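Engineer: Okay, here's the structure, questions in a sec.
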Amino acid sequence: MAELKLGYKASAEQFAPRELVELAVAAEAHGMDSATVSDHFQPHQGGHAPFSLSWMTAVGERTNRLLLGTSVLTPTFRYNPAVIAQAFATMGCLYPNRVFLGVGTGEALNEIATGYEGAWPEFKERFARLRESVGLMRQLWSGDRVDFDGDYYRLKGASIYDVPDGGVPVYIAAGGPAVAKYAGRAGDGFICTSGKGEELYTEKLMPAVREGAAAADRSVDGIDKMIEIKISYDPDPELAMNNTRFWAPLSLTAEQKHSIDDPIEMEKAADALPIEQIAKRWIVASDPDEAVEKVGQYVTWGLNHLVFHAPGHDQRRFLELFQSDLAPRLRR
Amino acid sequence: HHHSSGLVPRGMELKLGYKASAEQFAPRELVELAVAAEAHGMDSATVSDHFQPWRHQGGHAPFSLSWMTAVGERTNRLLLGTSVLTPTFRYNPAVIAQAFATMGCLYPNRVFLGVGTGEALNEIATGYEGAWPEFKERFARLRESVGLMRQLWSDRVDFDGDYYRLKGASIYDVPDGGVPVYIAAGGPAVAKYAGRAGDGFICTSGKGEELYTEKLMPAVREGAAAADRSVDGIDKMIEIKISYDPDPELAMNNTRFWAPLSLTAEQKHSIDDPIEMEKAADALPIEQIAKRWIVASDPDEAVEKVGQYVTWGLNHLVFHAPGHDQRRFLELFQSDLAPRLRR
């Protein structure tokens with residue numbers, strides 16, 4: 001649903017497994033409503049990739065209220081969607097009403113590295129694979145026996161024996177109108193990322209979600225509209241600026257992010273970015289009122305679940321500042 | 001004042017552990033039973049990894065890797081692992097390698113990867129196309145997948161096998177000490193492989209002395225010698241199938257849930273449908289099913305039959321009790337059996 005939530009982005013790219021879990025526990029301690037993790041097989045310099053589903057489970061077992069999920073996981077290539085259905089159904093049983101599945105169309109880098117053969121599929125196929133996998137998983141979460149024969153995936157007499165009462169809510173990530181519309185039509189949730197220009201949110205994404213919801217005769221209000229807020233808020237401006245540097249890959253173009261299959265190629269192109277250009281993606285701020293005004297814009301544009309990704313290694317510092325300075329304002 | 005890590009290396013004593021049956025219990029119960037096993041003195045708990053139960057009526061299948069991590073966060077001492085997981089079909093071996101590396105970091109010196117050759121009951125259901133491969137290919141897939149994971153574990157890795165590939169792949173977060181890999185073995189050719197490329201082997205009870213003493217053990221010695229490794233580096237694990245209860249009728253009848261284990265090896269590895277398995281399995285009378293189990297109502301007969309395996313060379317005894325009341329079995333184990341078994 002579309003009440004205001006404030007959550008925390010746990011960056012698997014930046015931290016080792018134990019630290020990544022403990023940070024999410026600190027996020028609960030600091031009042032966050034949710035925590036979400038990137039799902040990567042590999043991020044190199046100061047790089048990490050703890051297994052996302054182990055992070056979800058460890059934090060679940062250590063926490064009481066956080067909604068937990070992926071932002072996002074590709075359920076279409078290295079991961080068998082039936083096994084993903086089983087994994088998240090299990091987690092859903094273990095942490096009732098606290099689990100979601102965040103899905104995307106995929107990145108060449110994860111999939112080529114783990115053994116994908118032949119040409120990296122074009123966007124259209126990655127989208128069709130995504131749609132087909134989501135329906136496959138949903139049929140499985142009914143808890144009945146499923147026979148499935150799609151263009152891409154198959155099941156023969158398959159059941160998930162252990163299914164949560166509230167099902168497994170599916171959040172669909174989009175950087176463009178096409179998948180946003182699919183999200184409005186079919187998603188329990190919708191995910192985007194901040195910093196990419198007022199136009200993308202108001203002119204492409206939000207109207208696409210409304211279009212999809214309308215098209216499928218759905219209340220737009222019942223879709224959780226989630227966004228990862230790229231915020232570099234620190235009373236120390238040097239840190240606010242300098243903390244963004246680690247995150248240069250996020251400032252590469254959409255096609256470099258999805259299609260570069262070589263991690264050497266990827267780090268080169270990230271390294272090529274001047275910090276001033278990196279920073280444009282981020283809310284760089286030393287004043288808490290100004291920071292919240294920038295975030296508040298997304299709430300005006302129709303987003304209701306705001307998940308804060310802070311760029312620096314000192315995440316506990318971020319959480320302290322979030323709790324004392326940002327959250328009271330953000331709540332309103 | 002310097003504080004040390006306190007971390008004790010793998011460097012493995014008679015161990016008594018607990019089999020957590022994903023086939024029989026829902027996710028939360030399965031976790032909580034592993035916690036009570038620690039509470040009751042167990043050294044270890046292992047979980048079966050399955051997409052589907054053996055049986056339909058009262059069947060369950062919680063995701064094994066979530067069990068492992070949840071139990072990890074909740075326990076202090078238990079060695080934890082899969083007995084066993086198939087890393088060759090529905091699972092990508094690079095992803096398995098990343099999962100266990102991550103778990104081994106989360107739970108230092110407590111995690112192992114237990115692996116086997118596969119059951120169609122897990123793989124056909126999840127979309128494997130074409131006929132279910134014969135044992136020779138499943139074994140050869142297993143061997144390759146283990147090799148891939150070794151190389152991935154530590155560096156940027158290219159791998160080009162007959163089955164699995166890697167391209168520029170790295171695992172960043174690897175545990176100090178690595179990830180012990182235990183191979184399920186029910187013959188000398190897999191037992192030899194286990195000595196050569198594993199850190200442990202897993203067998204089951206009920207197969208008879210000469211399987212263990214004359215087939216499995218000698219083959220483990222041969223594989224390790226071929227690896228230039230002391231055999232004392234290989235943990236010798238057995239799943240002890242025990243139905244222990246002071247009521248003999250109940251100790252016998254409590255095996256019915258596990259009727260499918262009484263079917264042939266053929267049926268168990270190739271039947272793809274729990275409804276089908278169950279129909280085959282339930283036509284069998286109870287005395288036939290009980291044959292698969294150590295059925296005992298006295299601590300002494302129990303400890304005599306269990307102690308055979310220690311005499312034949314096994315050092316890691318993981319107990320699988322078939323009844324629904326697992327907490328009774330843990331209670332009975334700790335008070336009646338454990339003190340005699342320790343020595």
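Each chain in the structure tokens gets a letter, A, B and so on, in the order shown; residues start at 1 in every chain, and ligands are counted from 1 in the order they appear.
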Show which residues sit within 10 Å of residue 152 of chain A, as a compact mmCIF listing (two decimals) with C-alpha atoms, in the first residue's frame. Count only C-alpha atoms, and ignore same-chain residues fewer than 3 positions away.
Structural biologist:
# COMPACT_ATOMS: atom_id res chain seq x y z
CA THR A 76 15.46 -15.15 -15.37
CA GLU A 125 13.62 -10.57 -24.65
CA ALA A 128 9.46 -10.98 -21.95
CA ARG A 129 11.57 -13.35 -19.86
CA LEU A 130 10.76 -11.17 -16.83
CA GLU A 132 6.89 -14.91 -17.99
CA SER A 133 8.93 -15.65 -14.89
CA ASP A 149 5.37 -24.55 -20.74
CA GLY B 127 12.08 -27.48 -15.62
Engineer: Using only C-alpha atoms and a cut-off of 8 Å, which residues of chain B sit close to chain A? Please list them as a VMD selection string.
Structural biologist: chain B and resid 26 to 28 51 to 52 59 to 63 65 to 66 69 to 70 72 to 74 90 to 92 94 to 95 98 to 99 102 to 103 105 to 106 124 to 128 164 to 173 273
Engineer: Show which residues sit within 12 Å of residue 208 of chain B, as number ranges by chain. Count only C-alpha atoms, and ignore same-chain residues fewer than 3 positions away.
Structural biologist: B: 186, 203-205, 211-216, 292, 305, 308-309, 312
Engineer: Give me every helix (DSSP H, G or I) residue in segment 216-273 of chain B, going by DSSP on the backbone, as a ChimeraX atom specification.
Structural biologist: /B:216-226,231-233,248-253,256-262,265-270
Engineer: Which residues are near residue 193 of chain B? Cut-off 12 Å, only C-alpha atoms, ignore same chain within fewer than 5 positions. Put them as a PyMOL selection string.
Structural biologist: chain B and resi 116+139-140+142-144+146-147+181-188+198-201+216-227+234
Engineer: Could the residues in this selection be written to a file with N, CA, C and O atoms, as a CSV table (one decimal), in the first residue's frame?
Structural biologist:
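again28.csv was written with the following content:
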chain,number,residue,atom,x,y,z
B,116,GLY,N,25.4,-33.9,-3.7
B,116,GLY,CA,25.1,-35.3,-4.2
B,116,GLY,C,24.8,-35.2,-5.7
B,116,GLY,O,24.8,-34.1,-6.3
B,139,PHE,N,27.2,-38.0,-11.9
B,139,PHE,CA,28.5,-38.0,-11.3
B,139,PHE,C,29.5,-37.1,-11.9
B,139,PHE,O,30.2,-36.3,-11.2
B,140,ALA,N,29.6,-37.1,-13.2
B,140,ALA,CA,30.6,-36.3,-14.0
B,140,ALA,C,30.3,-34.8,-13.9
B,140,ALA,O,31.2,-34.0,-13.7
B,142,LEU,N,28.7,-33.6,-11.3
B,142,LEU,CA,29.1,-33.2,-9.9
B,142,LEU,C,30.6,-32.9,-9.8
B,142,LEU,O,30.9,-31.8,-9.3
B,143,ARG,N,31.4,-33.8,-10.2
B,143,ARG,CA,32.9,-33.6,-10.2
B,143,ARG,C,33.3,-32.3,-10.8
B,143,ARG,O,34.0,-31.5,-10.2
B,144,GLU,N,32.7,-32.0,-12.0
B,144,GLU,CA,33.1,-30.7,-12.6
B,144,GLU,C,32.6,-29.5,-11.8
B,144,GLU,O,33.4,-28.5,-11.6
B,146,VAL,N,32.1,-29.2,-8.6
B,146,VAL,CA,33.0,-29.0,-7.4
B,146,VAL,C,34.4,-28.4,-7.8
B,146,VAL,O,34.8,-27.5,-7.1
B,147,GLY,N,34.9,-28.8,-8.9
B,147,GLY,CA,36.2,-28.2,-9.4
B,147,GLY,C,36.0,-26.7,-9.8
B,147,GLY,O,36.9,-25.9,-9.5
B,181,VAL,N,33.8,-29.2,1.5
B,181,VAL,CA,32.8,-29.9,0.6
B,181,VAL,C,32.7,-31.4,1.0
B,181,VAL,O,33.7,-32.1,0.9
B,182,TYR,N,31.6,-31.8,1.3
B,182,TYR,CA,31.3,-33.2,1.7
B,182,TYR,C,30.5,-33.8,0.6
B,182,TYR,O,29.5,-33.3,0.1
B,183,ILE,N,30.9,-35.0,0.2
B,183,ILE,CA,30.3,-35.7,-1.0
B,183,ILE,C,29.5,-36.9,-0.4
B,183,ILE,O,30.0,-37.7,0.3
B,184,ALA,N,28.2,-36.9,-0.8
B,184,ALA,CA,27.4,-38.1,-0.6
B,184,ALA,C,27.9,-39.3,-1.4
B,184,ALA,O,28.1,-39.2,-2.6
B,185,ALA,N,28.0,-40.5,-0.8
B,185,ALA,CA,28.6,-41.6,-1.5
B,185,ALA,C,27.9,-42.8,-1.0
B,185,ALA,O,27.7,-43.1,0.2
B,186,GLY,N,27.5,-43.7,-2.0
B,186,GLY,CA,27.0,-45.0,-1.7
B,186,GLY,C,27.6,-46.1,-2.4
B,186,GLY,O,27.0,-47.1,-2.7
B,187,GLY,N,28.9,-45.9,-2.8
B,187,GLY,CA,29.7,-46.9,-3.5
B,187,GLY,C,31.2,-46.4,-3.5
B,187,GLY,O,31.4,-45.2,-3.2
B,188,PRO,N,32.1,-47.3,-3.8
B,188,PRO,CA,33.5,-47.0,-3.8
B,188,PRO,C,34.0,-45.9,-4.9
B,188,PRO,O,35.0,-45.3,-4.7
B,198,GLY,N,37.0,-34.1,-2.0
B,198,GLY,CA,36.2,-33.6,-0.9
B,198,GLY,C,36.9,-33.4,0.4
B,198,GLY,O,38.1,-33.8,0.5
B,199,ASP,N,36.2,-32.8,1.4
B,199,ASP,CA,36.8,-32.7,2.7
B,199,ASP,C,36.0,-33.5,3.7
B,199,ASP,O,36.1,-33.4,4.9
B,200,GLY,N,35.2,-34.4,3.2
B,200,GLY,CA,34.2,-35.2,3.9
B,200,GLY,C,33.4,-36.0,3.0
B,200,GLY,O,33.3,-35.7,1.8
B,201,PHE,N,33.0,-37.2,3.5
B,201,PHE,CA,32.0,-38.0,2.8
B,201,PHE,C,30.8,-38.2,3.7
B,201,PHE,O,30.9,-38.2,5.0
B,216,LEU,N,33.5,-48.5,1.0
B,216,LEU,CA,33.6,-47.0,1.2
B,216,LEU,C,35.0,-46.6,1.9
B,216,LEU,O,35.7,-45.8,1.2
B,217,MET,N,35.3,-47.1,3.0
B,217,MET,CA,36.6,-46.7,3.7
B,217,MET,C,37.8,-46.8,2.9
B,217,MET,O,38.6,-45.8,2.8
B,218,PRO,N,38.1,-48.0,2.3
B,218,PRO,CA,39.3,-48.2,1.5
B,218,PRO,C,39.4,-47.3,0.3
B,218,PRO,O,40.5,-46.7,0.1
B,219,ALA,N,38.3,-47.1,-0.4
B,219,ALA,CA,38.2,-46.1,-1.5
B,219,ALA,C,38.4,-44.6,-1.0
B,219,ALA,O,39.1,-43.9,-1.7
B,220,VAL,N,37.9,-44.3,0.2
B,220,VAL,CA,38.3,-42.9,0.7
B,220,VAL,C,39.9,-42.8,1.0
B,220,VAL,O,40.5,-41.7,0.7
B,221,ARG,N,40.5,-43.9,1.4
B,221,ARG,CA,41.9,-43.9,1.7
B,221,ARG,C,42.7,-43.8,0.3
B,221,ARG,O,43.7,-43.0,0.3
B,222,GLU,N,42.2,-44.5,-0.7
B,222,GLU,CA,42.8,-44.4,-2.0
B,222,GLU,C,42.7,-43.0,-2.7
B,222,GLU,O,43.7,-42.6,-3.3
B,223,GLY,N,41.6,-42.4,-2.6
B,223,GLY,CA,41.4,-41.0,-3.1
B,223,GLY,C,42.3,-40.0,-2.5
B,223,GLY,O,42.9,-39.2,-3.1
B,224,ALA,N,42.3,-40.0,-1.1
B,224,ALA,CA,43.2,-39.1,-0.4
B,224,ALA,C,44.7,-39.2,-0.6
B,224,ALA,O,45.4,-38.3,-0.8
B,225,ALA,N,45.1,-40.5,-0.6
B,225,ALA,CA,46.5,-40.8,-1.0
B,225,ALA,C,46.8,-40.3,-2.4
B,225,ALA,O,47.8,-39.7,-2.6
B,226,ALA,N,45.9,-40.5,-3.4
B,226,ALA,CA,46.1,-39.9,-4.7
B,226,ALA,C,46.1,-38.4,-4.8
B,226,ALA,O,46.8,-37.8,-5.6
B,227,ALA,N,45.5,-37.8,-3.8
B,227,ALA,CA,45.5,-36.3,-3.6
B,227,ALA,C,46.7,-35.8,-2.8
B,227,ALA,O,46.9,-34.6,-2.6
B,234,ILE,N,39.7,-36.1,6.1
B,234,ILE,CA,38.4,-36.3,5.5
B,234,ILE,C,37.4,-36.7,6.7
B,234,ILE,O,37.7,-37.6,7.4
Engineer: Hey, can you check how far atom CA of residue 13 of chain B sits from atom CA of residue 48 of chain B?
Structural biologist: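 Interatomic distance, atom CA of residue 13 of chain B to atom CA of residue 48 of chain B: 23.8 Å.
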Engineer: List the spatial neighbours of residue 216 of chain A as a list in words - criterion: any atom at most 10 Å away, only C-alpha atoms, same-chain residues fewer than 6 positions off excluded.
Structural biologist: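 Residues meeting the cut-off are residues 182, 184, 185, 186 and 210 of chain A.
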Engineer: Just asking: which residues within segment 101-240 of chain B are strand (DSSP E or B) according to DSSP, as a ChimeraX atom specification?
Structural biologist: /B:111-115,157-160,165-169,181-184,200-204,235-240
Engineer: How would the residues just picked look written out with N, CA and C atoms as a PDB file, in the first residue's frame?
Structural biologist:
ATOM      1  N   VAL B 111      30.452 -23.802   8.656  1.00  0.00           N
ATOM      2  CA  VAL B 111      29.659 -24.124   7.492  1.00  0.00           C
ATOM      3  C   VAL B 111      30.328 -25.147   6.600  1.00  0.00           C
ATOM      4  N   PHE B 112      29.553 -26.097   6.102  1.00  0.00           N
ATOM      5  CA  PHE B 112      30.024 -26.929   5.004  1.00  0.00           C
ATOM      6  C   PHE B 112      28.991 -27.040   3.912  1.00  0.00           C
ATOM      7  N   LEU B 113      29.502 -27.391   2.734  1.00  0.00           N
ATOM      8  CA  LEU B 113      28.692 -27.673   1.549  1.00  0.00           C
ATOM      9  C   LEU B 113      28.617 -29.173   1.305  1.00  0.00           C
ATOM     10  N   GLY B 114      27.437 -29.753   1.561  1.00  0.00           N
ATOM     11  CA  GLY B 114      27.187 -31.171   1.259  1.00  0.00           C
ATOM     12  C   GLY B 114      26.473 -31.343  -0.067  1.00  0.00           C
ATOM     13  N   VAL B 115      27.066 -32.166  -0.933  1.00  0.00           N
ATOM     14  CA  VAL B 115      26.632 -32.285  -2.340  1.00  0.00           C
ATOM     15  C   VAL B 115      26.419 -33.740  -2.798  1.00  0.00           C
ATOM     16  N   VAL B 157      38.194 -15.581 -12.490  1.00  0.00           N
ATOM     17  CA  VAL B 157      38.272 -16.986 -12.946  1.00  0.00           C
ATOM     18  C   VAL B 157      37.555 -17.191 -14.284  1.00  0.00           C
ATOM     19  N   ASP B 158      38.251 -17.791 -15.250  1.00  0.00           N
ATOM     20  CA  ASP B 158      37.592 -18.305 -16.459  1.00  0.00           C
ATOM     21  C   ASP B 158      37.554 -19.808 -16.352  1.00  0.00           C
ATOM     22  N   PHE B 159      36.402 -20.386 -16.667  1.00  0.00           N
ATOM     23  CA  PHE B 159      36.227 -21.833 -16.556  1.00  0.00           C
ATOM     24  C   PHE B 159      35.398 -22.346 -17.732  1.00  0.00           C
ATOM     25  N   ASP B 160      35.852 -23.438 -18.335  1.00  0.00           N
ATOM     26  CA  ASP B 160      35.263 -23.901 -19.565  1.00  0.00           C
ATOM     27  C   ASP B 160      35.180 -25.419 -19.526  1.00  0.00           C
ATOM     28  N   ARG B 165      30.277 -23.094 -17.208  1.00  0.00           N
ATOM     29  CA  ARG B 165      31.269 -22.082 -17.510  1.00  0.00           C
ATOM     30  C   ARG B 165      31.260 -20.867 -16.551  1.00  0.00           C
ATOM     31  N   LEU B 166      32.414 -20.222 -16.487  1.00  0.00           N
ATOM     32  CA  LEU B 166      32.610 -18.966 -15.820  1.00  0.00           C
ATOM     33  C   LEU B 166      33.347 -18.030 -16.776  1.00  0.00           C
ATOM     34  N   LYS B 167      33.073 -16.735 -16.700  1.00  0.00           N
ATOM     35  CA  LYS B 167      33.828 -15.768 -17.500  1.00  0.00           C
ATOM     36  C   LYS B 167      34.154 -14.537 -16.648  1.00  0.00           C
ATOM     37  N   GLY B 168      35.436 -14.344 -16.345  1.00  0.00           N
ATOM     38  CA  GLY B 168      35.883 -13.238 -15.488  1.00  0.00           C
ATOM     39  C   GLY B 168      35.205 -13.173 -14.117  1.00  0.00           C
ATOM     40  N   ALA B 169      34.811 -14.329 -13.577  1.00  0.00           N
ATOM     41  CA  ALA B 169      34.010 -14.375 -12.348  1.00  0.00           C
ATOM     42  C   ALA B 169      34.878 -14.413 -11.104  1.00  0.00           C
ATOM     43  N   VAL B 181      33.790 -29.235   1.527  1.00  0.00           N
ATOM     44  CA  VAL B 181      32.826 -29.863   0.649  1.00  0.00           C
ATOM     45  C   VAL B 181      32.743 -31.372   0.986  1.00  0.00           C
ATOM     46  N   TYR B 182      31.550 -31.818   1.342  1.00  0.00           N
ATOM     47  CA  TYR B 182      31.290 -33.183   1.731  1.00  0.00           C
ATOM     48  C   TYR B 182      30.500 -33.829   0.585  1.00  0.00           C
ATOM     49  N   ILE B 183      30.922 -35.012   0.161  1.00  0.00           N
ATOM     50  CA  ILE B 183      30.289 -35.727  -0.961  1.00  0.00           C
ATOM     51  C   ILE B 183      29.463 -36.882  -0.430  1.00  0.00           C
ATOM     52  N   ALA B 184      28.207 -36.946  -0.847  1.00  0.00           N
ATOM     53  CA  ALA B 184      27.377 -38.124  -0.565  1.00  0.00           C
ATOM     54  C   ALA B 184      27.853 -39.301  -1.419  1.00  0.00           C
ATOM     55  N   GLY B 200      35.174 -34.389   3.160  1.00  0.00           N
ATOM     56  CA  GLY B 200      34.246 -35.183   3.911  1.00  0.00           C
ATOM     57  C   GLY B 200      33.448 -36.049   2.961  1.00  0.00           C
ATOM     58  N   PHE B 201      32.999 -37.176   3.492  1.00  0.00           N
ATOM     59  CA  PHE B 201      31.972 -37.957   2.818  1.00  0.00           C
ATOM     60  C   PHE B 201      30.769 -38.200   3.709  1.00  0.00           C
ATOM     61  N   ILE B 202      29.634 -38.383   3.042  1.00  0.00           N
ATOM     62  CA  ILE B 202      28.350 -38.647   3.698  1.00  0.00           C
ATOM     63  C   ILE B 202      27.786 -39.982   3.177  1.00  0.00           C
ATOM     64  N   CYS B 203      27.613 -40.929   4.073  1.00  0.00           N
ATOM     65  CA  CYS B 203      26.865 -42.103   3.753  1.00  0.00           C
ATOM     66  C   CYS B 203      25.651 -42.213   4.693  1.00  0.00           C
ATOM     67  N   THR B 204      24.854 -43.281   4.504  1.00  0.00           N
ATOM     68  CA  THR B 204      23.740 -43.606   5.394  1.00  0.00           C
ATOM     69  C   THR B 204      23.891 -45.000   6.039  1.00  0.00           C
ATOM     70  N   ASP B 235      36.403 -35.867   6.930  1.00  0.00           N
ATOM     71  CA  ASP B 235      35.404 -36.110   7.975  1.00  0.00           C
ATOM     72  C   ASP B 235      34.517 -37.239   7.450  1.00  0.00           C
ATOM     73  N   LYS B 236      34.207 -38.191   8.322  1.00  0.00           N
ATOM     74  CA  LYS B 236      33.532 -39.430   7.921  1.00  0.00           C
ATOM     75  C   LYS B 236      32.142 -39.456   8.526  1.00  0.00           C
ATOM     76  N   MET B 237      31.197 -38.923   7.764  1.00  0.00           N
ATOM     77  CA  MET B 237      29.858 -38.670   8.261  1.00  0.00           C
ATOM     78  C   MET B 237      28.880 -39.725   7.779  1.00  0.00           C
ATOM     79  N   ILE B 238      27.979 -40.075   8.672  1.00  0.00           N
ATOM     80  CA  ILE B 238      26.926 -41.022   8.365  1.00  0.00           C
ATOM     81  C   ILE B 238      25.610 -40.527   8.922  1.00  0.00           C
ATOM     82  N   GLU B 239      24.581 -40.611   8.103  1.00  0.00           N
ATOM     83  CA  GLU B 239      23.226 -40.364   8.569  1.00  0.00           C
ATOM     84  C   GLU B 239      22.707 -41.663   9.193  1.00  0.00           C
ATOM     85  N   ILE B 240      22.561 -41.669  10.512  1.00  0.00           N
ATOM     86  CA  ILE B 240      22.029 -42.796  11.289  1.00  0.00           C
ATOM     87  C   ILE B 240      20.498 -42.703  11.309  1.00  0.00           C
TER      88      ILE B 240
END
Engineer: Closest to residue 294 of chain A among A:5, A:30, A:230, A:225, using only C-alpha atoms?
Structural biologist: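 When distances to residue 294 of chain A are compared using only C-alpha atoms, the smallest one comes from A:230.
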Engineer: Residues near residue 288 of chain B, anyone? I mean within 12 Å using only C-alpha atoms, not counting same-chain ones fewer than 2 positions away, as a ChimeraX atom specification.
Structural biologist: /B:252-253,255-256,258-263,281-286,290-293
